[PDB]
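Below, read A as the first sequence line, B as the second, and so on, with proteins coming before strands; counting in each chain starts at 1. Computation of the quantities below employed the complete heavy-atom set of this structure, encompassing side-chain atoms and omitting hydrogens, waters and symmetry-equivalent molecules. Remember, it's 1-based here, ligands and their atoms both numbered in the order they're listed.
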Amino acid sequence: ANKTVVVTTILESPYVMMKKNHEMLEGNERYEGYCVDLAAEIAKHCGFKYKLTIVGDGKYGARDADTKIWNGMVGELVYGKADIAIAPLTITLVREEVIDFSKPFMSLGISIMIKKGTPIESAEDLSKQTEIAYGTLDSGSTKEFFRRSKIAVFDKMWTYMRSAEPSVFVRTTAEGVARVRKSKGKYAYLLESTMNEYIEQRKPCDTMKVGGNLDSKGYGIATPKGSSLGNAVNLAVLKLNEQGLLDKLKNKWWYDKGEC
Amino acid sequence: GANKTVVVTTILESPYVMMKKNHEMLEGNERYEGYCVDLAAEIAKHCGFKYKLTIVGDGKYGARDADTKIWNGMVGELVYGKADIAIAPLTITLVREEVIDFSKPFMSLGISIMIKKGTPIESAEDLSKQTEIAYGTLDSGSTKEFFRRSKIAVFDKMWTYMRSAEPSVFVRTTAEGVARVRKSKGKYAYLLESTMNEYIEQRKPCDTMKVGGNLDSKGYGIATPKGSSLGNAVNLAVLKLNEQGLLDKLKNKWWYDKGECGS
Ligand SMILES: N[C@H](C(=O)O)[C@@H]1CC[C@@H]1C(=O)O
Ligand SMILES: N[C@H](C(=O)O)[C@@H]1CC[C@@H]1C(=O)O
Ligand SMILES: [Cl-]
Ligand SMILES: [Cl-]
Ligand SMILES: [Cl-]
């Protein structure tokens, strides 16, 4: 429909999740989460109607070295399939070069998730040993962070990870978490702190974040390069942050019921 | 002894019991809304008890396994002493009445047919006489048991096709039935209770409809363990709410007042 903004997003708790009973629901009402609420807020402030669509290949966005084709939500923006991406999408240099980003709406860093009791306290710890395997999501800013790093500990970790057998890489966050939970403390998962903290507060309460974050960065709302929508969306993010509304949303979707 | 909090077993089935929008930050009864949620509040008020709403663990209404003879679902919760009362769209049936107490019905209904708009079917007879349009029911519950037990030729004929169709024509939840009708381009019809049918008919994208008359006539009742002293009070409360017109007000509130398909 004319004037309808196509929003690309991704299923990632608690950002975007299928509602209970979603099978009888339709359109935007199928989904719930932090980014679903944020999308509604941004839309309201900028005065547009929008349609949420889950990205086809289920990926965030990387560029194939061979074909130099972008995939994921980044791909959707770059090739004109979506008008805006509203998701836990990390602002990185290589992405900033091909799409526009708002100022960040949330902060985060790469962190370590272990099964409770695992004798690891830091990235350094992981790097100095081999009994406990560790990996990341097979595509995204986290894996790219280790692949590009010239920092000693991270470089070591990467040279280990890219070769380890069987693969320490997983296809989804849920899959990474599952692997931590099944491996009796022999697998540690490298993921962004926001997801780590969410999962930490959920049953069966057998995982935990250890150490400080390995880096500091932010999620931004992304639009195609030079899109006129960019300006309004950026001012809207800043406005919502200043009203304390971004904080309210974090507190709502990371609200601790006491499962753990 | 002293008064205890009443444990209410119920089930997530729209618009009887639904998650409230901000459920993620709410606790206890406050997480839920809908017809049965309001009904529980009214019943508790007139009866003078405090209560806790609990969603049934296995997500079933109640059936007895032929093998083990164990009751599952909300009926099971009551039978095995896990809950004190069930407040849900629970169909009053012979096999259940044998093992639990039921109030007089708070709502009437009948098994019905839901089609995607434009499907060339207007009756169960129509369905039975063709094969192009598949049809099914929820894989457990009073609707499936109706066909499985029917001695009436048309329904026996529908059951004979349904039990052996492939892929399976049964669905696990009402939502799954609705999705199957909506996505199958007129090649799937869903057999469900007229109450759910009339509700979905008023929801976006307004692409379904109830066709034909009802296949039977029955009621939903409040259930309690057999012999429970709570039964008497709750029954009278249901009768009172009906005669005051409160039950009619509630159905209009949840079915029609905020229907999404026009006026
Ligand atoms: N924010 C990341 C991204 O933009 O690529 C996502 C979250 C999983 C994935 C990752 O951590 O690599
Ligand atoms: N009222 C029914 C019951 O008590 O079993 C429920 C509603 C879905 C299921 C059905 O239609 O069979
Ligand atoms: Cl669901
Ligand atoms: Cl108590
Ligand atoms: Cl009625």
Side-chain angles (χ1 to χ4, degrees), chain A residues 10-13 15 58-62 71-74 85 87-92 94-95 101 104 106 108-111 136-147 169-176 189-196 215 217-220 222, chain B residues 1-7 11 13-14 16 49-52 59-63 72-75 84 86 88-93 95-96 102 105 107 109-112 137-148 170-177 190-197 215-216 218-221 223:
Chain A
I10 193 160
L11 292 170
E12 185 79 56
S13 308
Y15 295 94
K59 300 177 185 293
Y60 284 87
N71 67 24
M73 284 178 291
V74 174
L89 182 67
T90 307
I91 300 175
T92 68
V94 289
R95 296 176 176 160
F101 276 107
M106 190 176 298
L108 68 299
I110 299 175
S111 62
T136 74
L137 196 67
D138 70 12
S139 182
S141 62
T142 295
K143 183 187 190 187
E144 179 77 354
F145 169 93
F146 288 95
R147 176 196 283 112
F169 299 109
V170 302
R171 200 180 60 87
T172 62
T173 300
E175 179 165 322
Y189 187 52
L190 297 162
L191 83 172
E192 295 174 337
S193 47
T194 45
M195 286 102 176
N196 203 349
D215 66 351
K217 47 197 171 192
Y219 297 146
Chain B
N3 295 321
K4 279 295 184 303
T5 302
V6 177
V7 170
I11 192 163
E13 177 89 48
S14 309
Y16 297 95
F49 64 73
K50 287 202 271 279
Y51 62 98
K52 166 76 168 180
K60 300 185 179 299
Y61 283 84
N72 68 27
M74 285 179 293
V75 179
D84 299 310
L90 187 63
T91 299
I92 295 171
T93 69
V95 297
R96 299 174 170 164
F102 277 109
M107 191 177 293
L109 66 144
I111 292 161
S112 66
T137 76
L138 194 72
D139 65 9
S140 179
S142 68
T143 295
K144 188 189 182 179
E145 290 289 338
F146 174 85
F147 289 94
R148 170 196 287 119
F170 306 101
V171 302
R172 302 189 293 288
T173 70
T174 305
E176 184 180 340
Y190 183 42
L191 296 154
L192 50 6
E193 294 178 327
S194 56
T195 42
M196 282 79 173
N197 203 347
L215 272 55
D216 64 354
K218 46 218 185 177
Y220 300 148

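Closest to atom 4 (O) of ligand 1, if we only count protein heavy atoms, is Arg95(A) NH1, 2.7 Å. Nearest protein neighbour of atom 10 (C) of ligand 1, counting heavy atoms only, is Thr142(A) OG1, 3.4 Å. Among all protein heavy atoms, the one lying closest to atom 9 (C) of ligand 1 is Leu137(A) CD2, 3.6 Å.
Close approach of ligand 2 to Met196(B) (heavy-atom distance below 4.0 Å) involves ligand atoms 7 (C). Every atom of ligand 2 with a heavy atom of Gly141(B) under 4.0 Å away is listed here by number and element: 5 (O), 12 (O).
A donor-acceptor contact shorter than 3.5 Å links the side chain of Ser193(A) to the backbone of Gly109(A). Formation of a donor-acceptor pair under 3.5 Å by the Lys143(A) side chain with backbone atoms of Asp138(A) is found in this model. Between the side chain of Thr91(B) and the backbone N or O of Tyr220(B), no donor-acceptor pair lies under 3.5 Å. Of the possible polar contacts, none joining the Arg96(B) side chain to the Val75(B) backbone as a donor-acceptor pair under 3.5 Å is found.
A heavy-atom distance below 4.5 Å is not found between the side chains of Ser112(B) and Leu191(B).
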- [ ] Could you check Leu138(B) against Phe170(B) for side chain to side chain contact (heavy atoms under 4.5 Å, CB included), going step by step and ending with a plain yes or no?
- [x] CA-CA 6 Å; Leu138(B) 194 72; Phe170(B) 306 101; over 6 Å; no

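Residue-ligand proximity: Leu89(A) is placed with a non-hydrogen atom under 4.0 Å from ligand 1. Taking 4.0 Å as the cut-off, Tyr220(B) counts as a neighbour of ligand 2 on heavy-atom distance.
At under 3.5 Å, a nitrogen or oxygen of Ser141(A), whether backbone or side chain, sits near a nitrogen or oxygen of ligand 1. Looking at ligand 2, you'll find an N or O of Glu193(B) within less than 3.5 Å of one of its N or O atoms. In terms of polar-atom proximity, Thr90(A) is counted as a contact of ligand 1, with an N or O under 3.5 Å from an N or O of the ligand.
Between the side chains of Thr173(A) and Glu192(A), no donor-acceptor pair is found at a separation under 3.5 Å.
For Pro89(B), every heavy-atom contact with ligand 2 shorter than 4.0 Å involves the backbone, none the side chain. Here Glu144(A) has no heavy atoms under 4.0 Å from ligand 1, in either its backbone or its side chain.
Between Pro88(A) and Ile10(A) the shortest heavy-atom distance is CD-CG2, 4.2 Å.
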